[PDB]
Structures are given as structure tokens and as C-alpha cells.
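So the structure is just underneath, and the comments pick up after that.
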Amino acid sequence: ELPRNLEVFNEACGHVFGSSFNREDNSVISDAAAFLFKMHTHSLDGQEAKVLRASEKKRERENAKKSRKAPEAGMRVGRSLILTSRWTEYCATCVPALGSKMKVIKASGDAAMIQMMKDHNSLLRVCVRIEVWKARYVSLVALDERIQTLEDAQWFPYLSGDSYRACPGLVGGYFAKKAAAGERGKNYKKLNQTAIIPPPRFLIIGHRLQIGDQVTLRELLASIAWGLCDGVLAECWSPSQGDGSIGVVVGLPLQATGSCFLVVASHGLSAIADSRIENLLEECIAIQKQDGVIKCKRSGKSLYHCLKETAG
Amino acid sequence: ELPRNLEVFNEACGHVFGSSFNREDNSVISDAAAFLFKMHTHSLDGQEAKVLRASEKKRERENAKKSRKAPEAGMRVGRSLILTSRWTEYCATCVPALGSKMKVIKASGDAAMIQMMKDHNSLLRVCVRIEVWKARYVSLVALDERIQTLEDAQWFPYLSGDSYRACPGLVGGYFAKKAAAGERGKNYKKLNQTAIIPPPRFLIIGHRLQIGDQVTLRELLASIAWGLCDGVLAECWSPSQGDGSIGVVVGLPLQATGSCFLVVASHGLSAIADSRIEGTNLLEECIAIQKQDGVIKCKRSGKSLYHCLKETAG
Amino acid sequence: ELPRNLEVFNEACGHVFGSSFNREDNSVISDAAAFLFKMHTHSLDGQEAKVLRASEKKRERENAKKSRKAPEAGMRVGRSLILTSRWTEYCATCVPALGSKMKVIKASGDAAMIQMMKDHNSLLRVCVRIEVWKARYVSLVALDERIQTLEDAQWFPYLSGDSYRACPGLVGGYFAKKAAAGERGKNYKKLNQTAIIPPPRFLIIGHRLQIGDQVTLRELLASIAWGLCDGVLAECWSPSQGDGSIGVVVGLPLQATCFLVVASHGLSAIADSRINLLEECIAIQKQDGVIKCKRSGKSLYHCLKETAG
Amino acid sequence: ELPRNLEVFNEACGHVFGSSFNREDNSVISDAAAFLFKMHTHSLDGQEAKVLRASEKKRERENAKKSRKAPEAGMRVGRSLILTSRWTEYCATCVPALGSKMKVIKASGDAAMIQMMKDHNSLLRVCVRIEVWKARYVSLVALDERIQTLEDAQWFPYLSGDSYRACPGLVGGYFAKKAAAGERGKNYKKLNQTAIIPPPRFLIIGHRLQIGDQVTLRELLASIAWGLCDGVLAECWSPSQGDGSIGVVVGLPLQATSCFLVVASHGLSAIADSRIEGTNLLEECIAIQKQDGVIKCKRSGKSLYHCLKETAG
Amino acid sequence: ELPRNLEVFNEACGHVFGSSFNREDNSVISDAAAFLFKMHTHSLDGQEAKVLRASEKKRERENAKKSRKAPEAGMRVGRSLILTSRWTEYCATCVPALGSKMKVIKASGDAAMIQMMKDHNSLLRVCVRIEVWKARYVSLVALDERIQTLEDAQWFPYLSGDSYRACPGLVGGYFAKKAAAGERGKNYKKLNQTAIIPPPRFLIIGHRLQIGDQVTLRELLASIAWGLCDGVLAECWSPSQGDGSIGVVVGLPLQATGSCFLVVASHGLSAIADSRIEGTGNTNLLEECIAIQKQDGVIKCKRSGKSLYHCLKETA
Amino acid sequence: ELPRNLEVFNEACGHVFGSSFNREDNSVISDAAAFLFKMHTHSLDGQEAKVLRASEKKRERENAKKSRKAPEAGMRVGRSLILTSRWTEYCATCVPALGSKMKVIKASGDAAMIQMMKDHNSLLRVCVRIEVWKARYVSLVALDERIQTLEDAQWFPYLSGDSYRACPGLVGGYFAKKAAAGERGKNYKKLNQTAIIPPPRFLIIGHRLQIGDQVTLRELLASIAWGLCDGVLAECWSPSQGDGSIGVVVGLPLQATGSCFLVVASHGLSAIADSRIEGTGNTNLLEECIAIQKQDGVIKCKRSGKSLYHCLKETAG
RNA sequence: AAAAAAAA
RNA sequence: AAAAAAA
RNA sequence: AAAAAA
RNA sequence: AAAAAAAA
RNA sequence: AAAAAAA
RNA sequence: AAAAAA
């Protein structure tokens, strides 16, 4: 009785990869989601060409991609995924045609086309959620070449335009910089670099990440934070008997998705730019435990650096 | 014996919502006020299209709105409001035609048309006041996405153009920023983010917020402030016996709006940013609360009302 | 008896308001000056539309004003100013046509038209001076919502562009800000925010403000300063016998532009040798002589508010 | 008895002002020097228009000056200076023609013309020195609106380009700023902002300012400093018996116009000042050389202008 | 059994330098590598002229270079290298024609030309690795004139345009400054001033720099650092018995590339622009350490604070 | 016996000045060198004007110079230098024509002209070395008004464009400021303010400065430093027996050039902008030392913390 | 502290 | 409190 | 000291 | 930590 | 590690 | 003083 959102993704994965798609390995699920996302975005070889307003270089690249041979059944996409003959039929029948707009489909009134468009949008959202989680997981041990300063580190992950479009609440990069550094409409969403995302093996089955489920330290760290978040977050994971690279979640930080500490001048008071700093290493984070909420002092070192130092 | 301003609002609400309109619920009154504001602004489906100078996208949107089916009797507007069959008549007779200007109505000399225009203006003012109070109430627990820095929070609330037009002194957002960041005429009003707006249940009956009236903490906080104001304002409320989410107002802050203590440099004298400060612990600042006995100075807390509510939630 | 400017203003006000113009009330004089400035600036209804380079939004307003009926005889102006039946003739005769420029009139060579343009310019200057004085007077007991910081106060008063053009040195506002920001030439005049302006009842008569004149505190303060100026300027006033309402002037401020100590002979420089701001003093020139009065450190408006409480 | 410069100045002023020229009033001498500078600079009405490379706006003013009638005999100059009927003859005879250059005169070989040009140059130098002294004297009790920051005060006084040309090392202003910012050759001179300049009544006589001279406090301060200088320099004066108005000079400041920098070299660190290394500014001292000897007087930390203002209040 | 990359370089060096190319001297290998780099980039006299968009001065220089007599067999290039007569044939057959782009070669489908272009590009990469190592080795005792402040010292090595084209990750200078001070594509590589480059006598045989091989202190320091890096890196070397200017590598620094000390704000915490300096107020920079990978394991060694250039000078 | 440069310089000076040219007086050699540098740059009267891209005022100046009669035979130069009647022949022969460029001469292929141009370039280098040495010697007892702050003293000496073209590594001033500010190619040379330049009586002879040479304090200091350089360098001298005016050199400072104290960040460390000042907070510069190399060895001598001009002023009082 | 490039 | 008046 | 010279 | 709209 | 690509 | 002139 899973939601249609995850049912669509499971059906797509089964149809495109057959039995080679393991629903337990996070790398396998992430690779499958990435391939499905690039298929639904008309980015694979032999797919439609993006030549609406393409420049000379972009036009030539799109022409080469369209002319390039499309993937064939038996091709290796990743490390444990093999395409099936049904992938072509799934692409032809499920992937909406390039440039399709939901308004036109709704006006046409075709129930099948509307359902296909809705499923495509849901699949894009799920794929980009998984891809953001995988970007966090990757950055935990191998940062990007662009991240040099806090001005750069404020916009992670550096995903492509389609990734920003699908889940602009979570995605960042260049397009999030463009949006934030510009006019903001009523439907403008803020970049939640630390919004919770269950691990893909949990996501594709709809499980809600919670206390008491078996996961790895890297899994939880790439779930609730990313490479450059503070190291205190590691306290949300506890190794089990014998460790073995598998433990259990002991809590989840509060105030994860949002934050605000401004106090405007009012009734003769003075405005405060930050209630906290109004000691820096003495800051604490609230963790929700089975017993209740507790305060844990920060460590002052990034999760990336802390993991590097604790590697050995 | 209510003023015509509130009488018009009550009559319109009754006509448009039958008995489904509850006058004791703040949320229901806010929903009714918003619906009336959008109806009188020609924003509902099937109403006149705003195509005087609309751009391509705006022209298309207005045409679609005009072609869209208008609301029908029995439609659910919110959670506890149901439109009546009489609503169409009120929309046809009490809503001024699109583009109507009070100057032309007054020149015509039609008493009925002049009265209709005045009633429409008063209804717009009341609805915008209710809208501002509701925005304050919502912001108490859910801050706006666009509020990231003090620069952004200085223009709260972010309401539409009609909202600023009706009550420029209470409405912020883009239009208040445009007005302040530009030429200011004699008839220029300064945004009062802390203007005391009684809860809609009190506003629609003419009751003036004061000491000794039963309200909720969120109600008082929204009426006298919004989410990002300092938490010391919570001192203005006091729970009654048994709490029960209902208490009583024990005071109202002073200096809610307005004087200037600047001293410009002249005749060799140096400029002074503040006459009082002349002579940087910001947490030692105090607010003047007008209690039943008298004015009392209460130290500031340093945490905004939103953060204080979040921390004290549980 | 009177210079050309004051005589022209007196003639204009007498012609336009008849006997309803009181020559001893500052408020009435200010209202008459404002109305005359509006008439001479083509700001009244039924006058020529300003369309030379106006934007369509401005052209709409200009056409609306042109189509609107002109003021009728007997119309109430301000409080106690009533238009005479002959105001239209004065408007048609003494008001140069829209767009008139002194160069074109001089090229024409008509002495009468040149004198008319000179009278128009003098009337504009006098009316703008009266407007500046009235703005100072209003600011004394009415804070400007626009002025919220020292930067805002630096450009007081905020008058129309015509006011700046007539009196660039006495009018601040947006156009003074633009002139200061933009390129500066010989004709650039800095905003003299504290230039002494005699009260309207004195300005029209040609009596320069001095010591001993029987003036009210508020009008004197408006003459020498405005609301946000330091309260110590109140020392320039003294109540007359029996208090009442009108006092006497005992002195005037000595405007000045410095406690610097330049580095020399190995000595380091000093930005301000006295450095407390409250220890500052102002030189008030009285009949006996100049005396240094310690600054009150409080705004003049707030001093007036406290003394009236 | 007198050098060529002072004799030339005395002759010129006597010829131009007759007996109305007082030889013991600093203000009168300053006004006469200013008028002579204007005359020899062709700055008076009816003199040659400066059009060599003038802009049309400047050519308009030059033409207006040329057309304007020249000053008449008996005209009141300053306060107590009256032009003589023979001033026109002196202006025609002793003022070199506009554009005159020493190279051309030397090429001509006329000894009289060479002497005339030399006297003109000396008169210009003397007049500009007197003008600088008068500017210092005025700044003592009259603040300049232009000066608002130490950068502005770094170029006091603000005199004309002719003044800078006559005495580049004593005149500041726009042209001194141009020279400092611009190229600096072997001929470049720095602005000696506090150079000792004897009062005009002494300068024309040739009496070098020294200890014991009966001078007024204001005029002495102008001689050794100007308005914005520190008040400690007032120690260089002493009221005479019975106070009155004229006192005596007891000493003179030292270092009125060295460098203690030590640049980095051979792995050492640069030093901004050898003395300071080891910082309260008010602790500084100035070496006043007196008749008995040099004494270090603690700085007052206050402006000379405001010291006079407070002692006058 | 060397990779194609190093086999191409060995073949080219042999063909162009006969027996005079000694494969055990770092100076000789570096000189031959620079000569081959300037031959394959068409910079020698008598080669094609770079006149696609050349300015007047550049056009004149290229015309003069083209007109200038080309080197002749037996010419001395360096100190211990002499050209052979075959060099003309090699330059004629192996050097891709001026302006030749890999895309056109691949499109033409000619296997020989594709292999030639691949060989030329791999040779450029090897020669530029050699050139960067030589720049480090030189800069241990004779700093560049352009290096004055950390802003200037941050873009070492200052190598020409083709040097940056071949190896963006290691080569710096004007083009690295340009690339970093501009838009950063996805295929953007960060300048790794302390990337580990084996000495050329090791690079042209595939040996990987590790613990327990004999090198010279300057060799090790210019392999893993340069003149203005901190002096503590000398701890990676240990002299052998009798010194003799030949010792051994006793470690290699950790965290050579990819060091990031930021901590972004999150979950109600304040962002930190640098983990180290923040602390509480104790800004002792001389108390920091570097992690060295010894045979036993990782150890932390306190920094010395004096650049390698200055330390080598003082200990000379 | 002597390299090409010094031989050329001696030959040219002997030709121009006859026997009035003293070979052992530094001031005389410096004056003759300055005059020769003026002659070979076409800066003397009666020589070709520089009008290639000259501004109108520059064109007028050059035309006035050209119209001005050239110096006559026997004309005095400096103090004890007198021109010979053969100076015109040398000026006409050995002075390359204005605008001469080595590339054109090489294209001509004339060995005589090529050698003439090479000798001219070497003469310019020697004359500019002597010019910089004399500028230092002047700054030891006569401070410059143009130098007021360390930013101003950072560009000493202020010499004309030719003095920069001939010796970029020693000659500072406006052109060095321009070169440092502008683009820096591979040929860029940094202003070695305290390079070692043997005195003219030694430079023309070619005897490199070393320990044991009999030299006066002032000329030694102008050799290894200038007026505003720290006084500790005076330790490189010692009065000879019986005091007198000439002593001996006991050593020379080390780190004369190429001093860099930066330490870039690396391997997780924090960058430094200067090794010296960092320490722990104590910025006492008076505790710094300079390494003076002597015959016995290198000794670290504590800095005096006072300018050489000031040290010489005090020792002379 | 060798040669070849090469004016505000 | 009366008057005026959109991305 | 002298010689240049908005 | 939902429905609507929508590239260098 | 594979791909693309000068003042 | 006079002349310019959102």
C-alpha cells in the first residue's frame, strides 16, 4: 500500500533494469534513479535534441547526442545494473515528449496522458531527492573542486538545472544562487541544505527515518547533513554490538529544515542581527531522543574533516 | 450602534455567507474578510478581467479567470463558510464596476452610487486590517520564506497591492519598499509593523483591545506584534485559572508607533544620532508596558517571539 | 521705499486677494505666497499643460488639470484668504506664458516683457523663501515622517523642484541631493539649511531680522533654525514683560564651519581637541557682545514639546 | 643698506601709494603687496588679456577685464591705501609686458630690461611671501571652509598659481597638490607649511625674526605657524610689562622644515620611526630654542586658533 | 612493460637524442623534456608560425622564428644532450601539423593519425609534469621575481599557456589565475601546489614515489612541495650512512590535496570560515601540525614556520 | 687584463677627458661617468632631438637643445674634469645614431657596427652602476625631499628612464614603480635596493669588493646600503691604524638580495605573510640581527634601529 | 653579486 | 478621523 | 644663491 | 522535513 | 584514470 | 546684487 509516488519509481526501476535492480544497495538505487532521471530529461543518447534556444556549442552537442547510438539492452549502467529490452518501450510509452507542458495535457483532458505526466513529475521529484542524498553522501569523503569559501559552501549541492527545477527546496548550485540573488515571488522556496531525506533503500519503500532503525554512520550523516556540516551531528548514530559498519539512529536534530534568529527593533528596543551571538564553540544543538529533547555541545569541526581524522 | 465601517462589513458577511458565518472565530472571520476582499477587488472567477495594461502572461491569466466558472451557492470557502444563493446579488449590486473611481461617482452626484463607493472603501479597509492581523498571526509560528535578513524582515507583512492601497500604514512588502525607496509626498505614511490591530472577532464589533479582556497568547502577540518581534512582549499576557490556552491582557506596550531624537549639526555643533544615548549591551534595553496601575519598564529577552514560542512549545 | 522684489510681491498679493490679505499674519502671508507660487508655476487648474518631455503618466495629470475649471472668484484660500473677482486678469497679465525664458524675451527686446519676467522671477524667489520659512515653522512642532536619520535630515526642507530652482541655496530635498551627487560647477550652491530667513511679516516689509525685534519664540526659531536643530538656540529669545505670547530677540547665532590640530614639527594631528559632544558650545552674538553658550544636546522640537507640557 | 628685493618693493610701494603707504602697519603692507602682485600679474582692469591658450570661458573674462576701465588716481585700496596720480606711469614703466620671458630679454641684451625683469621677479617673490604671511594671519582667527580634513589641511595655504610659481616651497593649494601628485624632478620642492616668515613690517625692512623682537602674539604665530597648528607654539611669546598688546619673543620652534625612517634591508624589518619604537600622542614635545638654550615643551594638544579663541573668551 | 604514456616519451627521447640522452640525470631528463615540449608545440626555429590571430609584434616574432634556421644534427641542447640526424624525420612524422585538433583526427577515422595525436597529447602531459617538477626544483633555491606576497605566491608555478593546457591540476600562473577568477564549469580542476610528482628519473620509468627509495633532499622537497611551503616537509627525508647528499624517503605528507576547513551554519549553529583560527582567541599558528605517512603509520609533526627556501638557505 | 666593459669605459674616458681624468677619485669618476652617460643618450646640446612620439612641450625642449650650441673644447665639467679638443671626434664616432637598435645592426652584419653597439651597451651599464652608487653616496649625507614614507623610500633611487633600461635590477624610481604595478613577464627584475656595487675607483678597475680592501666608511656604506638603511651595516667597517679617514672592510652583510619570508599554506597548515613578525605577538624589531660574513666566519650582529644617515649625523657631531 | 631580448 | 490613488 | 618655467 | 504553475 | 580544449 | 537655468 505504498504511495503512488514510490510505486511509480518501483515500476520504472523494474521495467528498465529487470531483476538486476537490487532494492537494498544505496549505490545501486542511486545509480538507477540517476539513469531514470537522465532518461526522463531527454539526456540519453538518441533522445530528443534540445535545440529550442541552443547556442552553437550546445546545438552541436545536442545534435551529436541525438545522432549518437542510444543505449542497448545488456549495457552496463553502474556496477550491478543491466538494461532490459523493455527499456525502449518504457521510454517510448512513459517518458513524455520533449517540451510537453502539463497545461496542454490538462486542456486536452486525456486521463492517460494526465496520469503519465503526474507520474513523470513524481518520478523526477523522487529521483532528485535520491540524487541530493547521493551528493551529500559523496561529499562526505570527497568534496567538490568549486567549494572554496563559505560563500561557495552555502550553495551546495551543485546539481544541474533540472535538479533545481524538480526540488528547489533541497537542490542548490548555480540556479539557486540566481534565484536567491534576484526577485522572489510568492512561490519562492528556500534552500534547505539540511532537510531530512531517508536513505534510498528507505525512500523507495516509503519508510520514515526514525529512531531505532539499522543504518550506517555515513548513511545517517548524508541523510541529515552533508560534508561541511558540524561534526556534533555524528552523535545521532550509535554503533551496535560489534560495530560492523552498521549501527542504530539514536535521534534526529531539531530545527533541521528551517532557522531564524532576527529580532527587529520595536517599542523602543534595538534590532538584533543574531539572537545567539548576542561562546561560539559553546553553541549547542537540540537532538530528539526517545526520552526527550536534549542539548549537545557542538564539536567545531566539519563532518568531512572529522571523518578524515577518525579514519585512522 | 456600531460605526458604518463595521456595519457594512457585518451586512456583507451576512449576505454572502448566510448563517454559516461565525462571528466568534478569528479564523472564520479572517477567511470571510479575505473572500470579501478578493470579491470586491474583482479577483474571483467570472468577474471582470484586469486588462487595462496587462502584459501577455497577465492578460492570459485575466482572460482565463474571466472565462473560469464563477463560484456557485453552497461552495465551501475555507473550513466553516458556505456561500448562499444571495451572494450573486450582492456581488452584482454592492461591488463597484471594474475601474470605478470615486471622483466620477461624486461628480455624477448619485447618492446611492456615492454611498456604495464609500461602503466599498470602508469594507476594503476593514478587510485589509483583518488580513494584516491574520498575516501577523500566521507569521507567529511560520515565518515567510522571503524573510532572511533584517533588510527583508523590515518590510513585513508581504501583502498584495490592494492591501497596501487600503492601509498603507499597516501593509508592507514590495509596495511599501517602493514607496519608502522613492519620492515621499506630504500624504506619506510610515509603515507601522507594531500597530495595534484588535483580533477580528473584536474588530468587527468595534471593541477596542484593552487590559482585562480574555484573549489567547497568540492573539495578543499577533495584535500587538508579529513573529520576529522581541519575546519580552509576552509579558503583556497572563494566563487565567487553569490556563486552558485562554488568559487576559495585563498591559499594552508603549511607543508602538512613531518620536525622533536626532539633533542635526548646526552653528558648529556636532550631529547626534540619539539625544538619549548621548553620554553596547543590547540585552539591557527595556520596553514600557502600560499596566492598569501605570507604566513599568520590563527588560528585553533578546529572543524573537517566534523563537521563544518554538522553545517554549515543549 | 521698498526693493523691486518686495514691491512686486505686495502688488501681486493686493491684486489677487484685495483687502482679505492681512499684512501682519505669518500664516496668511505664507498661504498667499504659496497660492502665488502655484499660479506663477502653472500649477493651478486650467493653466498650460506641461508636456514638453512629460511621461504619459504625467501628461494624463497635466491634461486633467487643463480640462478642470479654473478657480472661481470668492474661493476660500487657506483660512482667511478670499480670491477677488480680478484675480483672473492678474493671472493672465502678470504671469508669463508657459515655457517663457529670459533669453527669448531679451531677444524680442520688449522692455515691458523683460520687466514682467524680472518681476515673475523675484516673486518666485520671495515665495520660495516664504515657503522655506513656513517649512521650518511647521517642522518646529510637526516631525517629518520622511526624516528618520541624520542623512534624511541633511536635505531638509523637501520642496518641489521649482523651489530649488528659485532658491537652490535655501532649498534641499531630492533636487539638492541630485545636484550634490552630480557634477559640481561654479553655480553649484550648497544647501544652507540654517540660513537666517526673516519671518514673512518681516520679509515682505524689508525689515532684516536683528536684535530687539518683537517676535514669538516659534517664529524666531523658524527664522534662525528648524525643528531638529539643537535646543540651545532658544537662548536667542527672551519673554517680554508679563510673558504673554511675544518676546524679544537678545542675540543671533554666529554661523561657523573647526577644532582640528594639524600635525606639525613632529606633533601628531588631532581630529577634535575637546574630545564629549555635550561640551560643545555655540557663539551667540548679542548687543553687548558674543557669548559662548553650552549646547543643550536636545532637539529644538523636543525642547518646545517639553516646555509646553 | 637693503638688498635688491626689499629696495625694489619699497620703491614700488612708494611710487604707487605716495605718502598714504604706512611702513609700520602689517595690514597696509599686505594690501599694498596684494595690489602690486595683481598689477605685476596683469590682474587689474585694462591690462593685457591672457589668451595664449585660454578657454573661451576664460577668454570672455580676460576680454571683460581688458575692456573695463583701469583703476583711477585716488582710488581707495583696502582700508588706508590711496592710489597716486603717478601710479599709471609706474605700471607702464616697471611692469614687464605680458608673456615676457627672461630668455628673450637676455637674448635682446638690454641691461635695463634685464634689471627690470629681475626686479619684477624679486617683487613677485616678496609679494607672495607677504601674501602667505597674511593668509597665515587670517587663518589664526578665521577658519577656512575648504579645509575639513587633515588631507585638506595638508595643502594650506590655498593661493593662486602665480603664488606657487613665485615661491613653490612656501605656497600650497591646488598647484602644490598637482606638483606633489605629478612628476617630481631635481627642481621639485616640498610644501614647507610652517616655514618662518617675518612679519611684513619686518620683512620689508630685512630684519630677520629672532628672539627679543617686540611683536604681537597673533603676528608672531602667523610668522611661525598658522591657525590649525598646535597651541604649544604660543610658548614662543611672552606678554611685556603691563600686558598691553605687544610682547616679546622668547624662543623659536626647531625642526620648522629630517627623516627617521629605517627601510628594510638584509633581512631586517622596516621601521616607521626610530624614535617611537619601544603610544600616547599627547606626550610629545617640541624643541623650542631660547636664548638660554633649547627646551622640550610638552605639546598642548590643542589648536592655536582655539587657544586664542579660549584666551579671547 | 611500461604504460603507453611513458613508452611514447622514451621512444621520442631515444629517436631525437641518440645515446646522448642519459636516463638517470634529472637535469638531463628535464632538459630533453622541455626541448621535446617546445618541438611538439611548434616553437623551434624553422617550424610553422603561430599566426592565427597574432598581433603585430607576435606576428613579427613568429615570422622571424619561421624564417630562422632550424636546429641541425649535433647541436648542443642543454649540457649533456646532442641531437641526432634522425630528429628531422621524427619532427616530420610524429609532430602533428599546426592547428591539428583531436576531433578532426577522430572524425577522419585514420588509425595512424589517431594514434599519432594520442601519442603527442600523452607526451605533452608527461613533458609538462616534468616541467612542473623542474620548476619546483629550481624554486627551492632561486625564487621567481614575480613572487612577492601570498597573492602572488598562490599561483606558482608560472608556466606558459600550453603548460596549463596539458595539466590544469598542477600548472598555475597567469592562466590558473584567469580560470579561478572566472566562471567554473563542471570540468574545473583546482590548482594542487603540493601534488606529488615523482622525480623525472622515476616518472619516465613508471616508478611510484613511496617510502624507502633513495633520493636527494632537494629531489624530495621539490617532489612533494616547493620553496615557500613550510619547512617541516624536510621531515620526510632522512640521510643515509655517511650522508653524501643521498638519503631516503621516510614518509610522505597526508592531506596534500583537498583540504577544506570550513564549517557551514546548520541546525541553529553559526558558520565558521576556518576551523583552526576560530578556537577561542589563541591564534598560535606555530602550534599546528602536519600528518606524515611513515612506514609504521601516520604521525603528527609540529610545523617549523620558516619556508623551505629560507630554511635551506640558513642550513646551507 | 680587463673585461670588455671596463676596457671600453677606460678608453672612452681617456679619449674624452685627456689627462684631466683622475683614476683614483670616486667623485671625478662619477662626474665623468654621468657626462658620458649624457653624451651617449643624446641628452647634450647639439645632438639629435627626440621627437618620435614627443609631446609638443617635449618637442620644443628637444628643438631648443638641438639649436643650442654643443659644449666647446676645454669646457669644464664637474670639478676637476676638462674636455679635450678630440671629444667631438669620439662623440661622432663611438656614439650610435639616435634610434639605433641592435636588431638593425645585426641585420646589417657589420662586425664593426655590432661591436660599437655592444660597447655602447656595456658603457651604459657601467655608467648606470656608477650613477646608482653616486645616488647612494649622496643619500648618505643629504636626505631626499621626495622620500617621506616607507612607500616613498621603497623606490630609491629615482633615476631617469635610461638608467632603468640599462640596469633594471638596481635602478628604481617611477619606471620601477610602473613595471611592478603593470604586467610582470618572465624577464621581470625586482629592485635590489641594497645590491653590492664596488666604488667607481674599484668598478672601473674591475676589482670586486671583498674583505681587506682599504675604503672609507661613507663609500663602503654607499656601496652596500644607503642613507635610510639600518645603522648596523656600519659594523662592516673598522678604522685603520692611527684613525685617519680610510679604514678596512671587516666583512659584508649577507642576504643582500633575494629575501623572501612568506610561508604559503600547505598540508593543512595556515599561511603566513612574514616569518619574522609572526612570533607570538611580541613585535620588538630591535631584537633582530643581521648575518655579517667575515674572514673568520658569519656573526649575527644585533640591529641598531637607527637610520644610517642619522648614525653618520650623530658620529659627525 | 654570462649572454641574448628591449618609453610617463 | 476626513480628502486624493502597478512586477 | 643662481639658472630654467585648471 | 500536499496540491497548482515553470536557460550559460 | 578515461573524455572535451590564448597577452 | 545681477546674469544663467524624477
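By convention in this document, the chains of the C-alpha cells carry letters A, B, ... by their order, each chain's residues are numbered from 1, and ligands are numbered from 1 in the order they are shown.
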Inset, instruction - Mind the document's chain letters and residue numbers, and return as a PyMOL selection string the residues of range 24-82 of chain F that DSSP labels strand (DSSP E or B). - result: chain F and resi 76-77+81-82
Inset, instruction - Please provide the set of residues having any atom within 12 Å of residue 3 in chain L, restricted to only C-alpha atoms (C1' of nucleotides), with same-chain residues fewer than 3 positions apart removed, written as a ChimeraX atom specification. - result: /C:102-103,118,187
Export of the given selection (N, CA and C atoms) as a PDB file, in the first residue's frame:
```pdb
ATOM      1  N   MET C 102      14.145  83.910 -20.235  1.00  0.00           N
ATOM      2  CA  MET C 102      14.657  85.275 -20.275  1.00  0.00           C
ATOM      3  C   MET C 102      15.415  85.558 -21.564  1.00  0.00           C
ATOM      4  N   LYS C 103      16.111  84.557 -22.109  1.00  0.00           N
ATOM      5  CA  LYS C 103      16.877  84.778 -23.331  1.00  0.00           C
ATOM      6  C   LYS C 103      15.966  85.157 -24.493  1.00  0.00           C
ATOM      7  N   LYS C 118      11.292  89.725 -15.016  1.00  0.00           N
ATOM      8  CA  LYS C 118      12.054  90.022 -13.806  1.00  0.00           C
ATOM      9  C   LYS C 118      11.155  89.992 -12.576  1.00  0.00           C
ATOM     10  N   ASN C 187      28.197  77.435 -10.446  1.00  0.00           N
ATOM     11  CA  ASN C 187      26.870  77.810  -9.979  1.00  0.00           C
ATOM     12  C   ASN C 187      26.318  76.872  -8.915  1.00  0.00           C
TER      13      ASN C 187
END
```
Legend entry - Neighbours of chain B in chain C at 8 Å, counting only C-alpha atoms, as a PyMOL selection string: chain C and resi 143+145-146+148-150+153-154+174+194+228-230+253-258+276-278+280-283+295+297-299+302
Residue 253 in chain D: which residues within 7 Å, counting only C-alpha atoms (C1' of nucleotides), same-chain residues fewer than 4 positions away excluded, as an mmCIF file with N, CA and C atoms, in the first residue's frame?
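File result.cif, as written:
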```cif
data_model
loop_
_atom_site.group_PDB
_atom_site.id
_atom_site.type_symbol
_atom_site.label_atom_id
_atom_site.label_comp_id
_atom_site.auth_asym_id
_atom_site.auth_seq_id
_atom_site.Cartn_x
_atom_site.Cartn_y
_atom_site.Cartn_z
ATOM 1 N N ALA D 287 60.854 71.095 20.549
ATOM 2 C CA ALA D 287 62.106 71.718 20.973
ATOM 3 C C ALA D 287 62.048 73.198 20.617
ATOM 4 N N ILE D 288 61.873 74.041 21.629
ATOM 5 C CA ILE D 288 61.914 75.486 21.454
ATOM 6 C C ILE D 288 63.315 75.956 21.813
ATOM 7 N N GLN D 289 64.008 76.551 20.847
ATOM 8 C CA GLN D 289 65.319 77.138 21.078
ATOM 9 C C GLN D 289 65.125 78.537 21.645
#
```
Inset, instruction - Just give me the gap between CA of residue 95 in chain B and CA of residue 107 in chain B in Å, one decimal is fine. - result: 19.1 Å
